[PDB]
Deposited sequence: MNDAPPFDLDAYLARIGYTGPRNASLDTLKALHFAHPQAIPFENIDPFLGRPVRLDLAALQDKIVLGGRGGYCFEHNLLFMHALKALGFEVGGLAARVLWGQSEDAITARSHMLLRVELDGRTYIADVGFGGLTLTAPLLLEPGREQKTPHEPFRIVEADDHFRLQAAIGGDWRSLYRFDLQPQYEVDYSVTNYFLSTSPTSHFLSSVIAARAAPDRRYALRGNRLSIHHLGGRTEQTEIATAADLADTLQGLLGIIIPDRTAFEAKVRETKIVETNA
């Protein structure tokens, strides 16, 4: 039982409620501005629950954010409640540098079928949040409220890329294998509890705005203008940046400052 009314209020959406491309675009823009990307719970060693009541409690009622499964499960339920035809996908993250040739299928996105065309939707990528749905058409450069994006087709996957700094940079790679909640729950368990997850060893946060994007990785704050960099020197500063600048909830401030020391994010 999904509370569509509460969700649209959480994201500040007052437009028409229907299963149109105009609506999908307004939701895709509004969601990552209103609901931050963050791993506060995993960083603090608390569990991430993916069931729908737990998601609404945390994010909608509780005003918090989340990482990809939390964002995209939520978006999926809302789109389904609005009457969109929607399925889960999974992706391997290519953004940044990995110690793996092939990285794990650690990211979730969505496919949306609109008048017999396939779009992808993804309001939960931490590296760089997409702010518009994208047509699944290889090669085609697609305008969004922020950067241009494109999907390229390789041997047996699609790669989503964004135009950043004059380069096409790959966010992740995916195929069309369908994913269900049970599949995400396995990956979620790994990412929120394995000592090998970077979601446990550091803070990762992001939020979109009209003119800019905010990104925090550990002690590095970046503001990307439609690019200011601050290095955060202390746990108190990190917490103030999270809570003040980024609108992120820290549910246990002393456990937070204590974790920041253990991980030496700031040291």
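Original post:
Counting from 1 along the deposited sequence, which stretches lack C-alpha positions?
Top reply: Unmodelled stretches: 1 to 5, 232 to 234, 276 to 278.
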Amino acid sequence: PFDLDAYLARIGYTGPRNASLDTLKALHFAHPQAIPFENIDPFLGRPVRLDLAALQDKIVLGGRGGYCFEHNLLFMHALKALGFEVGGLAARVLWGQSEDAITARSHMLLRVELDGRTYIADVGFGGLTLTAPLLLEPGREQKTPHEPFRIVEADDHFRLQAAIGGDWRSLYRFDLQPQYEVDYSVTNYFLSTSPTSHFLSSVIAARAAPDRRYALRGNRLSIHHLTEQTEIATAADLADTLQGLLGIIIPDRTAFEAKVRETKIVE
From here on, numbers count along this sequence of modelled residues.
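**OP:** Could you settle it for me: does 141 to 149 or 87 to 95 have the higher average Cα B factor in the PDB entry?
**Re:** Higher mean C-alpha B-factor in the PDB entry: 141 to 149.
**OP:** Take the C-alpha B-factors listed in the entry for 78 to 86 and for 151 to 159, compute each mean, and give the stretch with the larger one.
**Re:** Looking at the record's C-alpha B-factors, the answer is 151 to 159.
**OP:** Please work out which residue in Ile204, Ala26, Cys68, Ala233 has the highest C-alpha B-factor recorded for this crystal structure.
**Re:** The record points to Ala233.
**OP:** Sort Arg213, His31, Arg49, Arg64 by C-alpha B-factor from the entry and give me just the highest.
**Re:** Largest recorded C-alpha B-factor: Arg213.
**OP:** For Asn219, return the chain-relative third of its C-alpha B-factor as stated in the PDB record: lowest, middle or highest.
**Re:** Highest third - that is where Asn219 ends up once the chain's C-alpha B-factors are sorted.
Subject >> Assigned third (lowest, middle, highest) for the C-alpha B factor of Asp122 >> reply: Lowest third.
**OP:** Tell me, lowest, middle or highest third: where does the Cα B factor of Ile35 rank within its chain?
**Re:** CA B-factor rank for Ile35: lowest third.
**OP:** Classify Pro195 as lowest, middle or highest third according to the C-alpha B-factor given in the PDB entry, relative to its own chain.
**Re:** Highest third, going by the recorded CA B-factors of the chain.
Subject >> Lowest, middle or highest third - CA B-factor, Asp175 >> reply: Within its chain, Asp175 is a lowest-third residue by C-alpha B-factor, going by the deposited values.
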